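Below is one structure; the comments refer to it alone.
None of the figures in this text is laboratory data; all of them are computed from the coordinates on show. Here the Cβ positions follow ideal geometry from the backbone for every residue, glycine too, while neighbour counts run over all protein chains shown.
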Amino acid sequence: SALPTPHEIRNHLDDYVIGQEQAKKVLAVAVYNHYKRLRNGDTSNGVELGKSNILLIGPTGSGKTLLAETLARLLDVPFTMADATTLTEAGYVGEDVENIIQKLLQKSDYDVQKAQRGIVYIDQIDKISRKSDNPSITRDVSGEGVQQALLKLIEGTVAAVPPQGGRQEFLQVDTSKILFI
Amino acid sequence: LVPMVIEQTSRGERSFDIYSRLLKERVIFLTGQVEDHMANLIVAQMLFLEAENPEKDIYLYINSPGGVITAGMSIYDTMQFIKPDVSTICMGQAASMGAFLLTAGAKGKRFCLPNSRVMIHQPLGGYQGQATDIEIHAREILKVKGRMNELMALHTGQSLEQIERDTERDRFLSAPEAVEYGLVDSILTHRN
Ligand SMILES: Nc1ncnc2c1ncn2[C@@H]1O[C@H](COP(=O)(O)OP(=O)(O)OP(O)(O)=S)[C@@H](O)[C@H]1O
């Protein structure tokens with residue numbers, strides 16, 4: 001039950017990505033440290049093991065989406081891919097923040113114990129940026145209002161997920177151990 | 001041309017002209033000759049500030065060589081009518097009518113710059129026509145001269161006979177002499 005090393009996973013990504021050295025080091029070390037944190041589960045001498053998410057930045061067509069997809073092939077824990085452009089501030093017509101967790105369970109076949117150990121990716125984060133330049137009465141929803149909702153999600157807390165496509169049964173799913181890119 | 005400035009507020013940024021920015025702080029500018037158009041504009045500003053805040057002092061900067069008398073008297077009654085104390089400052093020069101609005105300010109809130117100069121004289125006029133019409137306009141301009149001296153004594157504290165003798169001809173008063181004359185209260189040499 002030997003886990004992969006940063007060098008082994010890096011060579012695996014080299015066969016699908018070209019011209020990106022610094023970005024490979026981040027995902028390799030983060031994914032490597034992820035397995036160690038979940039494997040220990042505050043059972044070793046190290047108590048209250050923290051978390052470290054990743055923020056990828058680059059021009060369009062640079063290969064950000066490729067690293068998220070190619071990484072999932074070698075990855076054992078599940079993986080998903082969503083977009084925050086459609087997200088709203090808990091009640092508007094567009095979407096809800098918990099939709100991300102719904103797509104995550106489809107890949108894990110509704111396994112809460114296995115989904116918490118998974119990985120999540122977000123695309124088109126620039127659309128969430130402040131729109132109104134020190135906002136006014138309009139109460140921006142697509143922008144600032146979305147960031148504040150994600151705050152608790154990235155840190156870790158319980159949530160609510162529909163079991164089979166609802167919008168009277170809700171399952172609790174922690175997110176402190178879940179990684180976000 | 002007038003430069004534009006940006007004011008930082010909680011709601012957002014706002015572009016204001018240099019004159020409109022100062023107006024928001026209860027500051028009025030009196031520049032050039034006193035005429036019917038410029039005087040009617042200052043009255044609207046004073047009335048607007050009265051409604052916005054009746055307990056805050058107004059700042060009135062006076063730098064003008066004087067002008068029409070009737071245009072200036074409309075401002076004098078307005079300053080005395082409204083409740084707020086209209087603070088007056090003399091910048092550059094203060095002629096006959098410019099000086100009258102300076103001394104007409106609230107008592108104790110009148111200042112003059114260290115190099116300013118005040119000038120006071122009698123009303124100017126003229127007429128051309130029949131002798132009967134000259135007598136009518138002559139009696140009228142004489143009443144104005146008498147009325148302007150009565151009010152000048154009221155704010156300056158001097159006697160009516162003293163103001164009459166000094167206003168027969170042009171009389172220049174430097175900034176220190178204006179304090180001794182009761183026209184102003186002090187000088188704003190430096191900031192404290
Ligand atoms: N470094 C790369 N090596 C090989 N193919 C690449 C590389 N970068 C981009 N591609 C190709 O470009 C396609 C799209 O890559 P993306 O990751 O979507 O680019 P992008 O920078 O993520 O654009 P976004 O995420 O929509 S802003 C991939 O499916 C590859 O075919």
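Quick notes on this one:
- Per-residue ³J(HN,Hα) for the range A:85-97, Karplus 6.51 cos²θ - 1.76 cosθ + 1.60, θ = phi - 60°, Hz, x for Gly and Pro: 5, 8, 6, 10, 9, 6, x, 6, 6, x, 7, 10, 5
- When both bridge partners sit in the range B:1-191, DSSP labels roughly 35% of those beta bridges antiparallel.
- If only the Cβ of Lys and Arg carry +1 and only the Cβ of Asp and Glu carry -1, the dipole of the range A:2-181 around its Cα centre is close to 340 debye.
- The alpha-carbon atoms of the protein assembly as shown, seen along their principal axes, cover 122, 44, 40 angstrom, with the largest extent given first.
- Panel note: the C-alpha atoms of chain B, placed on their principal axes, show extents of 66, 38, 32 Å (largest first).
- For chain B, a simple Cβ point-charge model (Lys and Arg +1, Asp and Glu -1, everything else neutral) yields a dipole of about 400 debye relative to the Cα centre.
- Rounded to whole numbers, the Karplus 3J(HN,Hα) couplings from phi for the range B:23-34 are 4, 4, 9, 6, 10, 10, 10, 10, 10, x, 5, 8 Hz, using 6.51 cos²θ - 1.76 cosθ + 1.60 with θ = phi - 60°, and x at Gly and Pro.
- Alpha-carbon centroids, the range A:26-85 and the range B:67-83: separation in whole Å: 77 Å
- Remark on the range A:89-162: ratio of C-alpha radius of gyration to 2.2 N^0.38 Å is 1.27.
- Computed about the Cα centre, the dipole magnitude for the protein assembly as shown is approximately 920 debye when only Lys and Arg (+1) and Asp and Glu (-1) carry charge, each at its Cβ.
- 222 nm mean residue ellipticity, helices alone, for chain B (DSSP H n ≥ 4; -39,500 (n - 2.57); rounded to 500): -13500 deg cm²/dmol
- As a rough guide to protection, the peptides B:128-135, B:146-153, B:80-87 ranked by mean Cβ packing within 10 Å, highest first, stand as B:146-153, B:80-87, B:128-135.
- The three principal axes of the C-alpha atoms in chain A carry coordinate ranges of 54, 41, 32 Å, sorted with the longest axis first.
- Ordering A:166, B:45, B:174 by the projection of their Cα atoms onto the charge dipole of the protein assembly as shown, which places +1 on the Cβ of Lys and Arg and -1 on the Cβ of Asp and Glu, puts A:166 at the extreme positive end.
- For residue A:44, net neighbour charge (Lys/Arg +1, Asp/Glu -1) across residues whose Cβ lies under 11 Å away: +2
- 222 nm mean residue ellipticity, helices alone, for chain A (DSSP H n ≥ 4; -39,500 (n - 2.57); rounded to 500): -11000 deg cm²/dmol
- Gaussian network model of chain B, Cα within-10 Å springs - most flexible of B:102, B:113, B:47: B:47
- Karplus-based coupling profile of the range B:104-114, in residue order and whole Hz: 6, x, 5, 5, x, 10, 10, 9, 9, 5, x, with θ = phi - 60° in 6.51 cos²θ - 1.76 cosθ + 1.60 and x standing for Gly or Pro.
- Taking B:16, B:111, B:29 in turn, the Gaussian network model of chain B (Cα-Cα springs below 10 Å) assigns the largest fluctuation to B:16.
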